[PDB]
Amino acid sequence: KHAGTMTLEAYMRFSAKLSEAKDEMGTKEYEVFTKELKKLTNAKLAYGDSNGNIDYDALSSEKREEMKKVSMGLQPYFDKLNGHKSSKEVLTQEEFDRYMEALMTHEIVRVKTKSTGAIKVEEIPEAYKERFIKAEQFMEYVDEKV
């Protein structure tokens, strides 16, 4: 239909959802949050597949590390807006790193399966099946702790 206007509408629903963070964050914290989020969203524009998922493994050694720091930086805001304890506080440093890897693995697998829904291990290329399964296990463990 009007795919052009639908593009603007999608962006507006994103704006609306983002603005809800103000319910829980003062303007100082909200500005830091949106400044960090912009890094992540610009990366999805530049590097995301057709669904904005990023194949972290295909990035250069430096860009992957940079993208990882951005995610570590944002995790406390996400945890707060999700009503969870801060994973960066509950997990050991080691574990916090494994958590970011697990998140990146999950996103990489969304790229490989081209799926935005619940990933089904059948569709996962064999190079990523074990990695995924472990990543999923580690995420549920982190989940129970926050």
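So that there is no doubt, residue numbering starts at 1 and follows the sequence shown.
A.B. asks: Between 15-23 and 132-140, point out the one with the higher average CA B-factor as the PDB entry records it.
C.D. replies: Here the higher of the two C-alpha B-factor means belongs to 132-140.
A.B. asks: Tell me which stretch, 24-32 or 82-90, has the higher mean Cα B-factor listed in the entry.
C.D. replies: Higher of the two, by average CA B-factor, is 82-90.
A.B. asks: Kindly indicate the residue among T105, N53, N42, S115 with the greatest C-alpha B-factor in the PDB record.
C.D. replies: Reading the PDB entry, the winner on C-alpha B-factor is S115.
A.B. asks: Between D57, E101, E62, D49, which one tops the list for Cα B-factor in this entry?
C.D. replies: Largest recorded C-alpha B-factor: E62.
A.B. asks: Comparing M67 with the other modelled residues of its chain, is its CA B-factor in the lowest, middle or highest third?
C.D. replies: Middle third - that is where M67 ends up once the chain's C-alpha B-factors are sorted.
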